[PDB]
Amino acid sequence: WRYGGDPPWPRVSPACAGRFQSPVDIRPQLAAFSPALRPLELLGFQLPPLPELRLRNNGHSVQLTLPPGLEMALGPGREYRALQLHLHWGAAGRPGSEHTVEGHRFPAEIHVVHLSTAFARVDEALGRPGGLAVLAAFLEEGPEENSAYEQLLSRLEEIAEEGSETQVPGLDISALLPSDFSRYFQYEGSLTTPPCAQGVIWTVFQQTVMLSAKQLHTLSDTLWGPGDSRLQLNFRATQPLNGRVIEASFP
C-alpha cells in the first residue's frame, strides 16, 4: 500500500472500512466536557544521551524507537509504556496533519504510540479496546527554531533513502509535546494506516507545538518515500465519527 496512490485501503485491509476509524475531525463545541479526564502522567521520558535510539525511514514516516521505561497513565491504574513515535506532514505550502480541528489541517502532527501494561506484546493489544494509546500533538509554524525537534530534523538528511536508519543520542521525549497535560481531546479509534486496527485510545492535545519554517520545510522536503518518489502528504483523510462523541478534559 502507498499514501495517495492505490491500492484502495479496504482492498489491502478490510479493517480500514470499519465504523470507528481514525483520524477524525475535532469540532470542540460538539466535544463533551468530561471532568473525570485527569492530567496525563508521563514518567521516564527524560532520556540521557546513551544509549542511542534507532531512527529509521520506513517509507511511510520517520520513526524513533523508544526504549523500555517510558511510562504513561490516561487515568488511575490505566497505564501504558511508550514503544515509538513518528510524524505526519504535508508538502511545500500544504499541511499534512492527520487530525483536523473544525476543518483546519495543521502543518504536521506527532504521534507517540504506547502499549497497555495489561498486554505483554503489541499483537495481543491490536484490536482490543484500550490495548494501544497514541498521544497526538499538532505542529504549527511559529517564529523560533524548536531545539527539541532539531535533534531529529538535523538527522533526517542521513536517512533520506526509504529503508535507511541511524542511531541518534537520547533526548527528552516529553520536550516534543505541548505544555498543558491537563487539556486534551480523547476518543477511541484505529491505526491510521493498515491494518487499521480499532480500539486505539486517541488523546489529542488542545495545545500546539511550534516549529520554524526551516524546520517544517526540512521535514517535508528531506525524505524520499516508495519508488523514485518524495515522502510527503503521509496522512489519512478524516473519518466519520459514526456516533462517537469526542471528549474534552476542559470546558
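The first residue of the shown sequence is 1; numbering continues from there.
Problem - Stretch with the greater mean C-alpha B-factor as recorded in the entry, comparing 136-144 against 119-127 - result: In the deposited entry, the stretch with the higher C-alpha B-factor mean is 136-144.
Problem - Which of 36-44 and 49-57 has higher mean CA B factor, as the PDB entry lists it - result: The stretch with the larger average C-alpha B-factor is 49-57.
Handout entry: Highest recorded Cα temperature factor - choice among 167, 179, 84, 154
Key = Among 167, 179, 84, 154, the PDB entry lists the largest C-alpha B-factor for 167.
Handout entry: C-alpha B-factor winner, where the candidates are 63, 203, 198, 222
Key = By C-alpha B-factor in the record, 222 ranks first.
Exercise for the section: Going by the recorded CA B-factors, say which third of the chain residue 171 sits in, lowest, middle or highest. Expected result: For residue 171, the deposited C-alpha B-factor lands in the middle third.
Exercise for the section: Comparing against every modelled residue in the chain, figure out the third that the C-alpha B-factor of residue 93 lands in (lowest, middle or highest). Expected result: Highest third of the chain for residue 93's C-alpha B-factor.
Handout entry: Chain-wide C-alpha B factor ranking for residue 215, given as lowest, middle or highest third
Key = Highest third of the chain for residue 215's C-alpha B-factor.
Exercise for the section: Quick one: classify residue 72 as lowest, middle or highest third of the chain based on its Cα B-factor. Expected result: It belongs to the lowest third of the chain when residues are ordered by C-alpha B-factor.
Problem - Third of the chain, ranked by Cα B-factor, where residue 186 sits - result: For residue 186, whose C-alpha B-factor we compare with every modelled residue in the chain, the answer is the lowest third.
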